[PDB]
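The structure under discussion appears below in the form of structure tokens.
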Amino acid sequence: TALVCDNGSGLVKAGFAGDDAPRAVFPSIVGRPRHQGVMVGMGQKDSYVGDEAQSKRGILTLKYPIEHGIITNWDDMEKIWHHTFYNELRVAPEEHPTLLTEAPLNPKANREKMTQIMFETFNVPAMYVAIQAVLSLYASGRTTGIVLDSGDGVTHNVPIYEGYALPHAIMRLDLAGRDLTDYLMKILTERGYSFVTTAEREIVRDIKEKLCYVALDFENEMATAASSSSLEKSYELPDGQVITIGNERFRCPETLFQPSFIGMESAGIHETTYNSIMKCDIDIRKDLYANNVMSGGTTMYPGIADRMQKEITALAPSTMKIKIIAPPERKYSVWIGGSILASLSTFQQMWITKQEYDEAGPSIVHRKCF
Amino acid sequence: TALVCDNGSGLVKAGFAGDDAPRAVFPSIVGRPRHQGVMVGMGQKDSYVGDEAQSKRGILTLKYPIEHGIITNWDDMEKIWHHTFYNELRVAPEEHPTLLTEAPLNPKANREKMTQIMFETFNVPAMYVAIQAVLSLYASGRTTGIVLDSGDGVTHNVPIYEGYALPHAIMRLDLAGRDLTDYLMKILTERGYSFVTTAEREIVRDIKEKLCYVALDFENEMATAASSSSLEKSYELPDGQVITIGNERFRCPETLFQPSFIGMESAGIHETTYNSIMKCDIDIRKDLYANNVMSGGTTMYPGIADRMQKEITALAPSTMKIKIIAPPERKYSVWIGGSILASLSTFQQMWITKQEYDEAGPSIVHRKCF
Amino acid sequence: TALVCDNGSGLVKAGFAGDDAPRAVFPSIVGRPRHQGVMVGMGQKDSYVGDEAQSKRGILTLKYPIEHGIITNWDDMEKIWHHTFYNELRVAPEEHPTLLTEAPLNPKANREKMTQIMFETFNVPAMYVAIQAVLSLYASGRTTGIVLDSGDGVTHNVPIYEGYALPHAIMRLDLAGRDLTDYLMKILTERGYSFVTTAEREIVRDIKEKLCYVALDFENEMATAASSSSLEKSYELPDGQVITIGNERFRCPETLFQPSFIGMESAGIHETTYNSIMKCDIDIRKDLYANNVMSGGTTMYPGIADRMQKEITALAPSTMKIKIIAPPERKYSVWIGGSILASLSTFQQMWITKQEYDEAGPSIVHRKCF
Amino acid sequence: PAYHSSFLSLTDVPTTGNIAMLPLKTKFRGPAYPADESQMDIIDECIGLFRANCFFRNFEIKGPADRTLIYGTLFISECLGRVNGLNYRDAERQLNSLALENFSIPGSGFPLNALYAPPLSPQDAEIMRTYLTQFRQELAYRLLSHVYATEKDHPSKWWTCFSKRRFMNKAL
Ligand SMILES: Nc1ncnc2c1ncn2[C@@H]1O[C@H](COP(=O)(O)OP(=O)(O)O)[C@@H](O)[C@H]1O
Ligand SMILES: Nc1ncnc2c1ncn2[C@@H]1O[C@H](COP(=O)(O)OP(=O)(O)O)[C@@H](O)[C@H]1O
Ligand SMILES: Nc1ncnc2c1ncn2[C@@H]1O[C@H](COP(=O)(O)OP(=O)(O)O)[C@@H](O)[C@H]1O
Ligand code: BEF
Ligand code: BEF
Ligand code: BEF
Ligand SMILES: [Mg+2]
Ligand SMILES: [Mg+2]
Ligand SMILES: [Mg+2]
């Protein structure tokens, strides 16, 4: 067995290769206390990690060590990996290879320090660093398609044909569920309700995860919510009081299809997918159009597969069929795909091994993992 | 063995660390004789303290040395500390490290002179000052909750969550047993009974201690007392004459809920407790409404927990559960909490020793204690 | 001619367009009596407003009808506007269009209820609701800048370039002159002075305005105040007694740079400025750092512009000038800006007219104003 | 061969579970009998051996003095795990708090529960806890005199780098 540790920017998703689904899913958060620690003894800790922080958050400054899929704070990222292996999986990491992941078009130094900490702190016996939108394509049961992965921090497209990636046609967009959370705070502020702190940012994430949905036709949905009760509904806070919301429920997800709302100049996710298909060689485009693959938690909004199929069918030539593949387990497909990969018998030849790291130094990942 | 001295506004409570209740409780009072004293030499003395002063009250001027939790006369206060050590506990203070209690939001000069007298005059080995609210959580055996403490001189709230106090959400209210005794000593004049002397203050206190109760619905108790004698009670004064009391018997404690009765603007104990919860972070409020810890001798009127639970249920959102926690030992729960704190094996490195007072003066107390 | 009326959380500031300074500058207060009122013919009235409430305060509870730039008490807010027009300005509102003000990121029910009161009750010919900061830039005689505005109830940044605002880089912080006043009421307790009534909040506000100043280097000013010296200064209360304060003079406004003094988990005004600039498009940052504009009464502490220049220079990259403009008229520069904007010969197309409100209802205010 | 305790040659020393309550030089309150102030008691041995014994990976236990030395050798690794970046004035207080916080005794959560005999009675558990708290308070205080030997505001890296090392791959 080998660990598969998809340290995403919003959730760590971890477990064992060939296991059905990730067994350690928790916030990619380190919390530190912000108040007068008056009661002596009491089992107090200098910092808290994951669900241990999320449940204590009313006294903590929660901060994610990872932003837009790039590690910003290594002293806390080691704290998350240590929590993953010793507290959440309860293994010794020196006994198991780890398949890690990262998004494409990351800094070189991210990939180096992430191999160095696995070999020099966690003492791991072998490791590998897969591209997240390649893994999501194993989890679809395919060898050609265009994975749209979108998580908490990054959205990216990787077009693949016959198992060859077309790396010139990879699109990264630094917009995903954390920007939709920050935008939901900016529009909730307009109805009556103020959310400000790093802990209140989790309450509005827990709104976004169950009140929001994607409108199939935003400009007509906007007129319908401005003229009826049916689109409005309510959520009950930790403080027992009720929050009622309406056109905020679909204006939030719409930022993915209209990044101009949060001040970005870019294509939306629909036109970013088409700009990746139209960068590919002309003979493969039909087999990409019939195999768009949704992945990552930001693709979980009710109606996003219907909307994505509508917007791509308007951009694509009407002569040919579009399919969006969106399984119900697309919430974890990058982990699911790493759990396939780390169990394929040729894969056991591809690991960076401890001995090979010791001899080659941390630059070995650049001449073995892609 | 350490001493715990809850040096309160109306009662001193004192005992050793790890005792289950105070070994001494007595009036926090010093007095001088009010008359010519012509028959000299039958054991008269220049001044009287504690139970001796209380026993001779009719021939005495009685001075409390503490006003609203601030020492207002230092000679009278060090006479009480001298009397605790050399009459009530009968121990060398220079062999017993001492734990002391204070209200939050207090003059820094009070804690300094209280420190100075302990090292300069009682020569104590080591000493500590605790904000008396958080001792009520030690006595209640809990890491979490909102204290309401009402003493003789001060009423104050402190939210604590999982061992951390919220020092911005703390608040205090200079209204408790003394001001209720002043108000009762006023309103008995509406029935034509009269009390004015520093001795008669204690007679009205001794009436307030047993006749008075908290109305669950003040307008109903007013309307019923205005139309029946069945709520009336009677009591006999030391001089031999007798009094009968009606609506005055609950209109007095109602001042805790309506401070405008004594001309104060700031709100009652229910409203200030709710505002102290609402001043906390949004997530912790669920656990604070479930842990309203009552404390201090003014929180002991019949019906006060039932009234407090009714009042806060009208303020808080009804889709959550609010409870008042009010043990039979309420009156001593500050001292009981100090006895627990002074017993903790982890606390024994927090006593401020004379061997770090010497090179720092009284000023050390603000950085070493709290 | 046009009226201009800044609905300040602490002072109403009102006048005609093209006047050089506001005609009316008075507290945003409604006062009510709290005493028996036995004196027939005392000149007493059922409620008090502005400077009549401020001068009569000894017998009153004082109610601010705005909290944090949001109207919390509409029935008393239309009493303030009625007092403003009919008593303070002595105008018929039917003869003058009104420019009103609102802070950014504000519950849009506030904006609707405000315009509804102007058209339904004051019958104002036409009106507008400017963003509170965009007026401040006009008064500076400027078109590129980052406006740091801070009043009695709200502090916010609007970065704006060539007359285009960046609405995604607008940042708001509900910390201002009242939060500093209430923190001063808290820390004045450490000397043993006490202030608790709403009338005493005004006395602490009157201390704050002339005793407090911003330390250039807070820890070094604390270490300088640790020896009694020219740091401490006297003030004389309405009671005729003197008080003295030391480092309470600069712990007072240091809360702007350290909101954790009032328990807020948010950046100070220096990092809120720098985070607003670092959210802006990379080319405009140089011109925003060169054109930072302060406004509102909380920007008037001695040394605050100097210490801001020092703090932004420590955050920003070191190659380039940083210039925080602090006008001497910045006490009123939002109203000065409104007096310019309502006077421009290009602006008369932008007023909401009574005739189009009578078609559209109050929702026209969003479609016209932002 | 790893380095065993000198005290395994000693006999008729008191015992709890099958720890040895070896003679101790200390100021802390507890049941350990006073050592000669001029002699290496088990804590000077345990600190002297720790930096060598945590590199070996095969350690036969001869008796109750080695069961005591192993608990010390494991608790040194907890202290060096704590101490990184502290001032000595903070490290004293942090490592006394570590020494005094509630811990599992052998026979209760304990890692080496296969090799240490549970307390013989409900009373034997208390004499064991009051010994092990006195032992590990003194062990923390003694260790700090070595790790902050030459400079008082930065733990010497020649001691701090064993914080990743882990006696026989066990820890508390
Ligand atoms: N049901 C849902 N509806 C909308 N957003 C969701 C849903 N479930 C998860 N998310 C969002 O997905 C993000 C986490 O997705 P994930 O794929 O695990 O991201 P990452 O890999 O970067 O950690 C968070 O922003 C979360 O709120
Ligand atoms: N059973 C009681 N019910 C109501 N008031 C009481 C009762 N017993 C004592 N008191 C009041 O308790 C107050 C003393 O409370 P305490 O906590 O000891 O105050 P302190 O600590 O500040 O001296 C006195 O004012 C006294 O009148
Ligand atoms: N000289 C000053 N120094 C510091 N603070 C001041 C000064 N003058 C006024 N203030 C404070 O600024 C606030 C009023 O500012 P203002 O711009 O009028 O706010 P608002 O527009 O929101 O009503 C009050 O808290 C007031 O006490
Ligand atoms: F880091 Be997640 F994939 F956005
Ligand atoms: F001093 Be008591 F708490 F009023
Ligand atoms: F409302 Be003021 F601008 F704080
Ligand atoms: Mg991801
Ligand atoms: Mg008390
Ligand atoms: Mg203002």
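Protein chains in written order, with UniProt numbering: chain A, 8 to 377; chain B, 8 to 377; chain C, 8 to 377; chain D, 2 to 109, 111 to 174. For every residue, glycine included, the Cβ atom is placed at its ideal position computed from N, Cα and C.
For D/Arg138, the CB contacts under 6 Å within the same chain, skipping 5 residues up- and downstream, are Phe76 and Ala100 in chain order.
Three or more pairs of CB atoms, one per stretch, sit closer than 8 Å, so the stretch 311-328 of chain A contacts the stretch 213-226 of chain A. Here C/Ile319 really is in contact with C/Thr280; their C-beta atoms are around 6 Å apart, less than 8 Å.
About 20 Å separates the beta carbon of C/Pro72 from that of C/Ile66, a gap too long to meet the 8 Å contact definition. Excluding five sequence positions before and after C/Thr122, the CB atoms of its chain that fall closer than 6 Å to its own CB belong to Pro369 and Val372, given in chain order. In the DSSP assignment, C/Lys293 falls within the alpha helix (DSSP H) that extends over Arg292 to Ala297.
Residue-level contact by beta carbon holds for A/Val47 and chain B, with a gap shorter than 7 Å. For C/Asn14, the enclosing beta strand (DSSP E) stretches over residues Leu10 to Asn14.
Per DSSP, reduced to three states, the secondary structure at C/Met357 is coil, with no helix or strand assignment.
Note that the C-beta distance between B/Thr251 and B/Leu187 is not below 7 Å. Membership of C/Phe257 in the alpha helix (DSSP H) is indicated by the continuous run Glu255 to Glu261. Proximity of A/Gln355 to chain B, defined by a Cβ-Cβ separation below 7 Å, is not satisfied. The Cβ of D/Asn97 sits closer than 7 Å to at least one Cβ of chain B. Residues of the stretch 267-299 of chain C that bring their beta carbon within less than 7 Å of a beta carbon in chain B comprise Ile269 and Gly270, in sequence order. Interface residue (Cβ-Cβ distance to chain B less than 7 Å): A/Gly65 is classified as such. A Cβ of chain A is located within less than 7 Å of the beta carbon of B/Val141.
The alpha carbon of A/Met271 has as its nearest neighbour, out of C/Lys328, C/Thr108, C/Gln248 and C/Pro174, the alpha carbon of C/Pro174. Burial of C/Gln139 is indicated by the presence of at least 16 other C-beta atoms within 10 angstroms of its C-beta.
In the structure shown, C/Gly38 falls within a strand segment according to DSSP collapsed to helix, strand and coil. The DSSP-derived three-state label of B/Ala312 is helix. Bridge pairing for B/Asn282: absent [DSSP].
For D/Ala142 and D/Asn97, the gap between their C-alpha atoms comes out near 7 Å. The continuous stretches of beta strand (DSSP E) do not include C/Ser350, and DSSP gives it neither H nor E. In this structure, DSSP gives B/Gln51 a state outside helix and strand, which the three-state scheme calls coil. For C/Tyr135, DSSP records a beta bridge to C/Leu106.
For the stretch 326-342 of chain B, the residues whose beta carbon sits under 8 Å from a beta carbon of chain A are, in order, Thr326 and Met327. The Cβ atoms of B/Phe33 and B/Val47 do not sit closer than 7 Å to each other.
Those residues that bring their Cβ nearer than 6 Å to a heavy atom of ligand 7 are A/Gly15, A/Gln139, A/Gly158, A/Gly303 and A/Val341. For A/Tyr308, the Cβ falls inside the 6 Å cut-off from some heavy atom of ligand 1. Under the 10 Å beta carbon count, A/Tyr93 is surrounded by fewer than 16 other beta carbons and is classified as exposed. Shortest Cα-Cα distance from B/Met301 to any of B/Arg41, B/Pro334 and B/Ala321 involves B/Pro334. Less than 7 Å separates the beta-carbon of C/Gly345 from that of C/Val11.
Around the beta carbon of B/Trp81, fewer than 16 other beta carbons sit within 10 angstroms, so the residue counts as exposed. Taking the CA atoms as reference points, B/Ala172 sits about 5 Å from A/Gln43. Chain order gives no chain C residues near A/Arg258, where near means a beta carbon separation below 7 Å; the closest approach is about 13 Å. For A/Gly199, the residues of chain C that pass the 7 Å Cβ criterion are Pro114 and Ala116, in the order they occur in the chain.
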